[PDB]
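Chemist: Below is a structure I'd like to ask you about.
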Amino acid sequence: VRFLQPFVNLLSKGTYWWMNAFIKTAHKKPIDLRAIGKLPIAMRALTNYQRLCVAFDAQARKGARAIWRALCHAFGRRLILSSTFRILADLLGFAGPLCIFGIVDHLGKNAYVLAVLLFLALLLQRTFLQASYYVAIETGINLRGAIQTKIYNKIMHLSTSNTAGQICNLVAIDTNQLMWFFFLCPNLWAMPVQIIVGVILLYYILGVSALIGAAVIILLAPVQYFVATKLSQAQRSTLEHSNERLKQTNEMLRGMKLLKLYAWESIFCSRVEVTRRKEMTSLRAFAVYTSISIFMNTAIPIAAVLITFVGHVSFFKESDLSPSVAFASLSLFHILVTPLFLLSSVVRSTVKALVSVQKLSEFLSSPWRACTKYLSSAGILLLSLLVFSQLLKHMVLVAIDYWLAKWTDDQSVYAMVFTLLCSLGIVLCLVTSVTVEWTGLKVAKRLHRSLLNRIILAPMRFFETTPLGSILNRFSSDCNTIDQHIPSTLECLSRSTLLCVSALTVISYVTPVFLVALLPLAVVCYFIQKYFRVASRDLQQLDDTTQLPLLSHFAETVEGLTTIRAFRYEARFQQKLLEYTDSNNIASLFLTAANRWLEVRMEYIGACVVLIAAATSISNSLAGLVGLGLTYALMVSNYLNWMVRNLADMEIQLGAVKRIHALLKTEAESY
Ligand SMILES: CCOc1cc(CC(=O)N[C@@H](CC(C)C)c2ccccc2N2CCCCC2)ccc1C(=O)O
């Protein structure tokens with residue numbers, strides 16, 4: 001047992017301090033199934049299975065509702081403990097904007113004490129938030145173990161009269177949707193509370209104009225939900241053509257010998273290219289919806305701030321905009337963004353796992369070179385336009401946030417220039433979104449065409465030596481990755497890095513002394529990031545590689561069920577399944593603990609940054625520039641952990657482009 005998360009004092013339970021030792025070891029020598037621990041007794045497949053079966057007996061003494069109530073009876077204590085942590089973290093995160101309000105109101109007219117209390121509340125709030133995430137993940141994984149064991153125990157008893165692939169994917173995707181509903185279940189209860197208290201605080205701060213602002217920002221959640229629905233629709237319509245193109249590529253690759261013998265390769269390649277053109281026609285709509293999602297997500301808050309402040313000053317002829325009031329409202333808008341954006345995802349996952357539990361009831365009742373090659377496939381025109389648009393968009397963003405400070409203290413001219421710059425910002429953001437999506441599409445097209453052509457020209461000895469599985473897998477999974485994940489992830493990594501650099505630039509321009517303190521933290525940040533990455537890579541690979549046995553086992557058990565029951569070998573196979581699912585659970589649990597460790601450390605670095613910025617700016621001013629620095633240093637932590645998550649998410653996905661280009665360089669016959 002090397003997963004001693006339950007077995008430490010509450011502080012290291014809260015800051016995942018034990019993981020430190022592990023991660024340090026995991027940096028020197030690679031991670032093996034001997035280095036990762038064995039799960040505690042509290043979280044085993046047998047322990048959670050027996051807990052769930054006791055809950056099921058209790059519910060049967062008193063269908064889908066039966067399964068939901070049994071899952072409640074079995075995991076509700078920990079589910080509501082995670083929900084408590086999450087709601088306390090939500091309220092203590094709201095404790096930030098009003099504190100910025102108090103600080104800027106003091107110094108524009110008790111300030112240092114407000115700054116240190118902001119620091120303390122921020123530190124405690126981020127710790128509680130990460131602990132909430134962790135408890136939700138742990139109870140979700142325990143539920144996955146119990147449900148896997150239960151559906152396997154049901155596979156054992158079912159009759160020979162009865163769909164093996166259905167059971168295999170019921171273990172593969174339906175239990176997954178259930179576990180992810182349990183991952184996001186605290187959010188389902190704590191996002192409405194968050195949004196309500198946010199709108200209430202905004203109203204209390206800004207009078208009546210804040211309600212117009214909060215309505216405009218809330219108008220983001222339904223639009224995001226509609227966009228996500230259209231995106232899944234386009235996803236299915238793309239998967240159709242992708243499956244047909246895959247079958248055609250498999251035809252071309254099985255009979256490559258005969259084709260090359262009579263030189264029919266070019267005509268079959270042309271047919272595959274026609275199918276690829278149809279799939280690209282569908283991918284265009286998919287990318288349009290993805291671009292609309294990115295643009296709405298970034299542009300609804302800009303317009304919300306614009307309408308709020310302008311209508312507050314001109315239309316309402318309302319209170320004069322003071323720095324404290326304005327920047328408190330801005331911080332509350334930034335705190336309001338994320339719940340409004342992710343509420344659609346929470347609801348969609350909720351209905352998805354509801355369907356999954358209904359189905360389970362019905363069943364149970366019976367790499368820099370890769371980046372260089374990818375960017376070079378785009379061309380200098382699209383790459384230059386993309387980089388210029390990203391940089392100028394973030395410049396316009398910081399520009400409007402600074403014009404806010406200069407606004408606070410000819411008010412018509414200020415309002416007009418603020419409106420002009422917000423329009424410039426939304427146009428520039430739409431440009432950067434459409435450009436990243438167009439670049440993604442163009443690179444996918446070029447890379448796929450070159451790959452197909454370069455394996456058409458491949459010699460026969462190459463095909464005899466190379467496994468057919470790999471040549472098909474490059475077109476099957478990696479071209480899919482380049483088609484779907486690389487555009488969005490590259491765009492979001494660009495946004496995360498540029499927003500982080502922008503925030504540090506803002507709080508350095510407000511506070512010239514913070515720069516001196518930036519370099520230590522910078523170093524710390526770097527180190528942590530580095531170590532996390534290596535650990536997070538190993539674990540991730542391990543977590544994937546242990547899932548293939550499990551599903552495989554399920555498949556086998558469904559195929560040779562009558563033989564296993566004839567042998568009376570049922571207990572041995574249930575034992576093998578418990579061992580496989582325990583390997584998978586320990587892998588996923590250590591992966592999530594490493595994630596929690598990194599996000600806790602990055603949030604603590606963000607807390608130190610906000611404390612330094614608050615202290616030094618309140619000092620130098622003892623006005624609106626202090627509020628600017630305060631907001632940006634307040635939220636640097638999100639940019640930081642989002643950017644490191646996106647970098648980890650970026651390298652793995654870029655490995656696919658790397659190996660596509662690797663296969664692209666095979667020898668060609670001088671035809
Ligand atoms: C903050 C990321 O850590 C997690 C967090 C969770 C639980 C969780 O409340 N998630 C929120 C995101 C946070 C920022 C609110 C969420 C809500 C809706 C849809 C997706 C998501 N997401 C979950 C996948 C990655 C981020 C978007 C699970 C798993 C993880 C994880 O380490 O993988």
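FYI, nothing fancy with the structure tokens labels: chains A, B, ... in order, residues from 1 per chain, ligands from 1 as they appear.
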Any residue with an atom at most 7 Å from ligand 1 counts, using only C-alpha atoms and all ligand atoms. Which are they? Put them as a PyMOL selection string.

Modeler: chain A and resi 133+137+183-184+186-187+342-343+345-346+592+595-596

Chemist: Could you write out the selected residues, including C-alpha atoms, as a PDB file, in the first residue's frame?

Modeler:
ATOM      1  CA  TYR A 133     -12.497  17.484  -6.332  1.00  0.00           C
ATOM      2  CA  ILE A 137     -13.076  11.522  -7.799  1.00  0.00           C
ATOM      3  CA  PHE A 183     -17.222  13.154 -10.696  1.00  0.00           C
ATOM      4  CA  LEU A 184     -19.331  16.201 -11.576  1.00  0.00           C
ATOM      5  CA  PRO A 186     -20.953  18.113  -6.520  1.00  0.00           C
ATOM      6  CA  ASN A 187     -20.865  20.715  -9.301  1.00  0.00           C
ATOM      7  CA  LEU A 342     -19.565  24.333 -17.359  1.00  0.00           C
ATOM      8  CA  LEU A 343     -23.216  24.096 -16.264  1.00  0.00           C
ATOM      9  CA  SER A 345     -21.528  20.130 -19.490  1.00  0.00           C
ATOM     10  CA  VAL A 346     -22.782  19.132 -16.042  1.00  0.00           C
ATOM     11  CA  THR A 592      -5.965  11.751  -9.934  1.00  0.00           C
ATOM     12  CA  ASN A 595      -3.401  15.902 -10.622  1.00  0.00           C
ATOM     13  CA  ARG A 596      -4.633  17.137  -7.238  1.00  0.00           C
TER      14      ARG A 596
END

Chemist: I want to know what sits within 10 Å of residue 452 in chain A, based on only C-alpha atoms, with residues of the same chain fewer than 5 positions away left out; could you give that as a VMD selection string?

Modeler: chain A and resid 249 269 272 to 273 447 457 475 664

Chemist: Those same residues - N, CA, C and O atoms - I'd like them written as a tab-separated table (two decimals), in the first residue's frame.

Modeler:
chain	number	residue	atom	x	y	z
A	249	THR	N	-10.06	2.22	-46.22
A	249	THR	CA	-8.62	2.12	-46.00
A	249	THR	C	-8.21	0.70	-45.65
A	249	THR	O	-7.16	0.22	-46.08
A	269	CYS	N	-6.84	4.73	-54.19
A	269	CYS	CA	-6.48	5.92	-53.43
A	269	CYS	C	-7.40	7.09	-53.79
A	269	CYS	O	-7.76	7.88	-52.92
A	272	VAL	N	-10.66	6.49	-51.94
A	272	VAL	CA	-10.47	6.85	-50.54
A	272	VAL	C	-10.42	8.37	-50.38
A	272	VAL	O	-10.93	8.92	-49.40
A	273	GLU	N	-9.85	9.07	-51.36
A	273	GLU	CA	-9.78	10.52	-51.29
A	273	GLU	C	-11.16	11.15	-51.46
A	273	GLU	O	-11.45	12.19	-50.86
A	447	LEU	N	-1.94	16.96	-44.09
A	447	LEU	CA	-1.23	15.84	-43.49
A	447	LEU	C	-1.82	14.51	-43.94
A	447	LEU	O	-1.09	13.58	-44.30
A	457	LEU	N	3.06	4.96	-52.32
A	457	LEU	CA	4.35	4.77	-52.96
A	457	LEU	C	5.28	3.84	-52.19
A	457	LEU	O	6.45	3.71	-52.56
A	475	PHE	N	-4.13	5.85	-39.62
A	475	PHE	CA	-5.29	6.47	-40.24
A	475	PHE	C	-6.54	6.40	-39.36
A	475	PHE	O	-7.46	7.20	-39.55
A	664	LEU	N	5.33	9.01	-42.29
A	664	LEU	CA	5.36	9.76	-43.55
A	664	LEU	C	6.69	9.64	-44.29
A	664	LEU	O	6.73	9.87	-45.50

Chemist: Neighbours of residue 22 in chain A within 12 Å (only C-alpha atoms; same-chain residues fewer than 5 positions away dropped), as a short mmCIF file (atom, residue, chain, number, x, y, z; two decimals) with C-alpha atoms, in the first residue's frame?

Modeler:
data_model
loop_
_atom_site.label_atom_id
_atom_site.label_comp_id
_atom_site.auth_asym_id
_atom_site.auth_seq_id
_atom_site.Cartn_x
_atom_site.Cartn_y
_atom_site.Cartn_z
CA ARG A 2 1.74 3.12 -1.29
CA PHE A 3 -1.49 5.13 -1.71
CA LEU A 4 -1.54 6.39 1.87
CA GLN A 5 -4.03 9.18 1.20
CA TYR A 16 -1.44 15.79 -0.80
CA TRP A 17 1.96 16.23 0.80
CA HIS A 27 11.16 11.46 -11.47
CA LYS A 28 14.36 9.41 -11.12
CA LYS A 29 13.25 5.90 -12.13
CA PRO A 30 10.08 5.12 -14.11
CA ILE A 31 6.81 4.08 -12.51
CA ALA A 35 6.23 1.30 -7.40
CA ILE A 36 2.52 2.13 -7.35
CA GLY A 37 0.91 0.79 -4.21
CA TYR A 531 8.08 17.00 -12.02
CA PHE A 532 4.32 16.76 -12.39
CA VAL A 534 6.98 13.29 -15.87
CA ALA A 535 4.87 11.63 -13.18
CA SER A 536 1.66 12.56 -14.97
CA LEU A 539 0.80 7.26 -14.57
CA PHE A 590 -2.78 7.67 -8.34
CA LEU A 591 -3.26 9.63 -11.56
CA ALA A 593 -3.85 12.23 -6.79
CA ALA A 594 -0.96 13.54 -8.90
CA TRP A 597 -1.06 17.60 -6.03
#

Chemist: Looking at only C-alpha atoms, which of A:275, A:512, A:1, A:571 is the one that sits closest to residue 39 in chain A?

Modeler: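 Residue with the minimum atom-to-atom distance to residue 39 in chain A: A:1.
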
Chemist: Within 9 Å of residue 405 in chain A, counting only C-alpha atoms, which residues show up once you throw out same-chain ones fewer than 3 positions away? Write them as a list in words, please.

Modeler: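 Near residue 405 in chain A, the qualifying residues are residues 323, 326, 327, 400, 401, 402, 408, 409, 623, 624, 625, 626, 627 and 628 of chain A.
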
Chemist: Selection from above, N, CA, C and O atoms, as a PDB file, in the first residue's frame, can you write it?

Modeler:
ATOM      1  N   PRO A 323     -13.476  53.118  -8.544  1.00  0.00           N
ATOM      2  CA  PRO A 323     -12.584  51.970  -8.795  1.00  0.00           C
ATOM      3  C   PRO A 323     -12.965  50.727  -8.012  1.00  0.00           C
ATOM      4  O   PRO A 323     -13.003  49.626  -8.579  1.00  0.00           O
ATOM      5  N   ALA A 326     -16.293  49.200  -9.476  1.00  0.00           N
ATOM      6  CA  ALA A 326     -16.106  48.659 -10.817  1.00  0.00           C
ATOM      7  C   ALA A 326     -15.267  47.388 -10.790  1.00  0.00           C
ATOM      8  O   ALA A 326     -15.617  46.387 -11.426  1.00  0.00           O
ATOM      9  N   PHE A 327     -14.159  47.399 -10.050  1.00  0.00           N
ATOM     10  CA  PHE A 327     -13.286  46.233 -10.087  1.00  0.00           C
ATOM     11  C   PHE A 327     -13.824  45.071  -9.261  1.00  0.00           C
ATOM     12  O   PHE A 327     -13.575  43.912  -9.610  1.00  0.00           O
ATOM     13  N   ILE A 400      -8.519  46.955 -22.549  1.00  0.00           N
ATOM     14  CA  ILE A 400      -9.819  47.360 -22.018  1.00  0.00           C
ATOM     15  C   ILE A 400      -9.827  47.255 -20.495  1.00  0.00           C
ATOM     16  O   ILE A 400     -10.431  48.088 -19.803  1.00  0.00           O
ATOM     17  N   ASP A 401      -9.134  46.256 -19.935  1.00  0.00           N
ATOM     18  CA  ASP A 401      -9.115  46.156 -18.475  1.00  0.00           C
ATOM     19  C   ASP A 401      -8.355  47.318 -17.839  1.00  0.00           C
ATOM     20  O   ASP A 401      -8.647  47.702 -16.701  1.00  0.00           O
ATOM     21  N   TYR A 402      -7.374  47.878 -18.549  1.00  0.00           N
ATOM     22  CA  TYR A 402      -6.651  49.049 -18.060  1.00  0.00           C
ATOM     23  C   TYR A 402      -7.444  50.331 -18.296  1.00  0.00           C
ATOM     24  O   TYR A 402      -7.430  51.250 -17.461  1.00  0.00           O
ATOM     25  N   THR A 408     -12.485  54.898 -14.256  1.00  0.00           N
ATOM     26  CA  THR A 408     -13.136  55.092 -12.957  1.00  0.00           C
ATOM     27  C   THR A 408     -13.145  56.549 -12.499  1.00  0.00           C
ATOM     28  O   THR A 408     -14.210  57.115 -12.225  1.00  0.00           O
ATOM     29  N   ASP A 409     -11.978  57.180 -12.431  1.00  0.00           N
ATOM     30  CA  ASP A 409     -11.932  58.566 -11.977  1.00  0.00           C
ATOM     31  C   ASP A 409     -12.109  59.551 -13.133  1.00  0.00           C
ATOM     32  O   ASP A 409     -11.156  59.908 -13.827  1.00  0.00           O
ATOM     33  N   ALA A 623      -4.958  54.216  -7.782  1.00  0.00           N
ATOM     34  CA  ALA A 623      -6.080  53.608  -7.076  1.00  0.00           C
ATOM     35  C   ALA A 623      -6.716  52.517  -7.927  1.00  0.00           C
ATOM     36  O   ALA A 623      -6.683  51.342  -7.566  1.00  0.00           O
ATOM     37  N   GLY A 624      -7.300  52.917  -9.060  1.00  0.00           N
ATOM     38  CA  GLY A 624      -7.866  51.940  -9.974  1.00  0.00           C
ATOM     39  C   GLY A 624      -6.839  50.951 -10.487  1.00  0.00           C
ATOM     40  O   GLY A 624      -7.165  49.785 -10.742  1.00  0.00           O
ATOM     41  N   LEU A 625      -5.587  51.395 -10.644  1.00  0.00           N
ATOM     42  CA  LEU A 625      -4.516  50.474 -11.003  1.00  0.00           C
ATOM     43  C   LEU A 625      -4.309  49.415  -9.928  1.00  0.00           C
ATOM     44  O   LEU A 625      -3.958  48.269 -10.244  1.00  0.00           O
ATOM     45  N   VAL A 626      -4.532  49.770  -8.661  1.00  0.00           N
ATOM     46  CA  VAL A 626      -4.445  48.777  -7.598  1.00  0.00           C
ATOM     47  C   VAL A 626      -5.524  47.718  -7.773  1.00  0.00           C
ATOM     48  O   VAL A 626      -5.271  46.522  -7.602  1.00  0.00           O
ATOM     49  N   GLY A 627      -6.741  48.135  -8.129  1.00  0.00           N
ATOM     50  CA  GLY A 627      -7.788  47.163  -8.407  1.00  0.00           C
ATOM     51  C   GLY A 627      -7.460  46.270  -9.589  1.00  0.00           C
ATOM     52  O   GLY A 627      -7.729  45.065  -9.563  1.00  0.00           O
ATOM     53  N   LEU A 628      -6.880  46.849 -10.642  1.00  0.00           N
ATOM     54  CA  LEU A 628      -6.449  46.060 -11.793  1.00  0.00           C
ATOM     55  C   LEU A 628      -5.469  44.969 -11.373  1.00  0.00           C
ATOM     56  O   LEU A 628      -5.680  43.773 -11.644  1.00  0.00           O
TER      57      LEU A 628
END

Chemist: For residue 292 in chain A, work out the shell of residues within 8 Å, counting only C-alpha atoms and skipping chain neighbours fewer than 3 positions away, then give it as a list in words.

Modeler: residues 227, 288, 289, 295, 296 and 433 of chain A

Chemist: Generate the output file for the selected residues, C-alpha atoms, as a short mmCIF file (atom, residue, chain, number, x, y, z; two decimals), in the first residue's frame.

Modeler:
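File produced: part.cif:
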data_model
loop_
_atom_site.label_atom_id
_atom_site.label_comp_id
_atom_site.auth_asym_id
_atom_site.auth_seq_id
_atom_site.Cartn_x
_atom_site.Cartn_y
_atom_site.Cartn_z
CA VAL A 227 -23.74 24.73 -29.22
CA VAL A 288 -17.70 25.84 -37.32
CA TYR A 289 -19.57 24.76 -34.19
CA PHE A 295 -15.87 32.56 -29.49
CA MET A 296 -19.07 32.66 -27.42
CA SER A 433 -11.29 31.65 -33.14
#
